[PDB]
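Counting from 1, the numbers follow the sequence of the chain as shown. When reading the values below, keep in mind they use all heavy atoms of this one structure, side chains included, and skip hydrogens, waters and symmetry mates.
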Amino acid sequence: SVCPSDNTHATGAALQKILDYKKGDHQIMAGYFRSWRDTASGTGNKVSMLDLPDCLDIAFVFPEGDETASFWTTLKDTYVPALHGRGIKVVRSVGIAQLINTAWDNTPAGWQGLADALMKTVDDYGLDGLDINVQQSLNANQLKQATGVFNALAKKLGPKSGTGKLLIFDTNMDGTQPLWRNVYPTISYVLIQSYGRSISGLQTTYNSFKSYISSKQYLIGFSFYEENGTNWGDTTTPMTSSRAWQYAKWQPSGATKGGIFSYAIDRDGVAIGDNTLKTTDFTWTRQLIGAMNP
Ligand SMILES: CC(=O)N[C@@H]1[C@@H](O)[C@H](O)[C@@H](CO[C@@H]2O[C@@H](C)[C@@H](O)[C@@H](O)[C@@H]2O)O[C@H]1O
């Protein structure tokens, strides 16, 4: 409610009140910003991480690996400081593929070596921590390696570390996945990719995790419309009948959730089926913060 009705970037006491709102109890908003769509990567992009709304809690840096070096330069030198100025946490996202890479030894030394290499992706940018994207089951060997790496990371990130840095588990699977059963003690937040899902199915999914967390750790995810992407239908008009909107309102029975996140926050407000790149004032993000914290 100390948040702007447009997308101003407040400067003094207007900003301080937003800095205090964020230290206060609230349902948090998170956004995956696709790095290859940042104006500092390639050409033809319309949106910068500098445009992210002041009332955002976490920005994920989600690369695909063909971003131009200019992106990483701007992230370290410009973007991270300005987002930290707005009290926005910046977190690097990486796929589970990275933690089960067989180029790294499946041994204590190997789990530590790999954790060191992922920790460079955090420390070299002054980031607030690391997000691991899990969308697959693992064999015994993969499970063993991923668990080892989570356990090595847990020394520097998340609840076991005492650093204040985040260790995030984001997934489209449930709390029965063996990796989850191995690593839940290491986790800051768990984010459920819930694109195009039943409002009626939400409780069932939460219940699969609720024994391993408090409800403030749990966030649910909708997607914005990706240019040439899957039509999940999470952002239909009118807004206040959207799946995203109903996600902002949903609470598990007898408890309050952590909040929600968007995939492709860089696509906030682009109509479903509009495959061109546009700018955004982050209307949906800002509305959806209001919807969770009225
Ligand atoms: C093969 C393919 O297209 N895979 C995509 C993933 O690339 C994408 O991240 C994922 C995102 O949506 C999540 O997973 C799906 C299966 C479903 O459970 C959604 O509700 C989740 O949000 O979509 C895959 O289909």
Check: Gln142/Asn106 side-chain N/O donor and acceptor closer than 3.5 Å: no
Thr171 and its side chain to side chain donor-acceptor pair (under 3.5 Å) partner, picked from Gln135, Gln177, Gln136: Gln177
For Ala59 against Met49, the heavy-atom pair lying closest together: CB-CE, 4.2 Å
Set of residues satisfying side chain to side chain donor-acceptor pair (under 3.5 Å) with respect to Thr73, sequence neighbours excluded: none
Parallel, tilted or perpendicular, as decided by the 30° and 60° cut-offs, for the rings of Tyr32 and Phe62: perpendicular
Qualifying residue for side-chain contact (heavy atoms from CB on, under 4.5 Å) with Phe282, from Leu288, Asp268, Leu56: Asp268
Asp274: partners by salt bridge (charged side-chain N to carboxylate O under 4.0 Å, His left out), with sequence neighbours left out: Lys278
Pairs flagged by ring pair (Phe, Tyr, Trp, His ring centres under 6.0 Å) wherever residues 93-130 is involved - sequence neighbours left out: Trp72-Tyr125
Audit row: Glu67, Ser35, side chain to side chain contact (heavy atoms under 4.5 Å, CB included) steps and yes/no: CA-CA 7 Å; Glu67 292 77 13; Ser35 301; 3.7 Å; yes
Side-chain (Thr186) to main-chain (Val183) donor-acceptor, under 3.5 angstrom: yes
Side-chain H-bond candidate by donor/acceptor type, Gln27 with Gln251, under 3.5 Å: yes
Which atom of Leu75 lies closest to which atom of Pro81, heavy atoms considered: O-CD, 4.1 Å
Working for salt bridge (charged side-chain N to carboxylate O under 4.0 Å, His left out), residues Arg267 and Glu227: CA-CA 8 Å; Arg267 295 281 284 170; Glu227 69 281 351; 3.1 Å; yes
Qualifying disulfide (SG to SG under 2.5 Å) pairs, either residue in residues 15-61, two or more places apart: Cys3-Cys55
Sequence neighbours excluded, every pair satisfying side chain to side chain donor-acceptor pair (under 3.5 Å) that has a member inside residues 87-99: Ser93-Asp131
Check: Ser242 main-chain N/O paired with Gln246 side-chain donor or acceptor under 3.5 Å: yes
CA sep, side-chain torsions, deciding dist, call: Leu219, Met29, side chain to side chain contact (heavy atoms under 4.5 Å, CB included): CA-CA 9 Å; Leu219 278 76; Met29 169 63 76; over 6 Å; no
Sequence neighbours excluded - salt bridge (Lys or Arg N to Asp or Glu O under 4.0 Å) pairs with any residue from residues 168-194: none
Minimum side-chain heavy-atom gap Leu127-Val80 below 4.5 Å: yes
Backbone of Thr236 reached by a side-chain donor or acceptor of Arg243 within 3.5 Å: no
Considering all heavy atoms, the nearest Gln112-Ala152 contact: OE1-CB, 3.8 Å
Test log, rule salt bridge (charged side-chain N to carboxylate O under 4.0 Å, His left out), inputs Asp266 and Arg34: CA-CA 7 Å; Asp266 60 283; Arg34 294 179 307 153; 2.7 Å; yes
Neighbour count above 12 (heavy atom, 6.0 Å) for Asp25 CG: no
OG1 on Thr240 to NZ on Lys249, rounded to 0.5 Å: 9.5 Å
Side-chain donor or acceptor of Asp38 paired with backbone N/O of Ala40 under 3.5 Å: yes
Ring pair (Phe, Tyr, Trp, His ring centres under 6.0 Å) contacts touching residues 224-253 (sequence neighbours left out): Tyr195-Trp232, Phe222-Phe224
Side-chain donor/acceptor of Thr121 to backbone N/O of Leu118, under 3.5 Å: yes
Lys17/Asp20 salt bridge by N-O under 4.0 Å criterion: no
Contacts of type side chain to side chain contact (heavy atoms under 4.5 Å, CB included), residue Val190, not counting sequence neighbours: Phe169, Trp180, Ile192, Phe209, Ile213, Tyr218
Heavy-atom closest pair, residues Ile187 and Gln217: O-NE2, 3.1 Å
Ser48 (side chain) donor-acceptor with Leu50 (main chain) under 3.5 angstrom: yes
Test ring pair (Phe, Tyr, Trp, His ring centres under 6.0 Å) applied to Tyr79 - qualifying residues, sequence neighbours left out: none
Distance-only donor-acceptor check, side chains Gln203 and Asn207, under 3.5 Å: yes
Side chain to side chain contact (heavy atoms under 4.5 Å, CB included) assessment of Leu52 paired with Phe33: CA-CA 9 Å; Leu52 286 162; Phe33 201 107; 4.0 Å; yes
Non-neighbouring partners of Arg197 that pass salt bridge (charged side-chain N to carboxylate O under 4.0 Å, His left out), sequence neighbours left out: none
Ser70: side chain to side chain contact (heavy atoms under 4.5 Å, CB included) partners, not counting sequence neighbours: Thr68
Residue pairs passing the side chain to side chain donor-acceptor pair (under 3.5 Å) test where at least one lies in residues 51-62, sequence neighbours excluded: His9-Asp54, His26-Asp57
Distance-only side-chain donor-acceptor flag, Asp234 / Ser223, under 3.5 Å: no
Test item: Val134 and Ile132 side chains (from C-beta on) under 4.5 Å apart, heavy atoms: yes
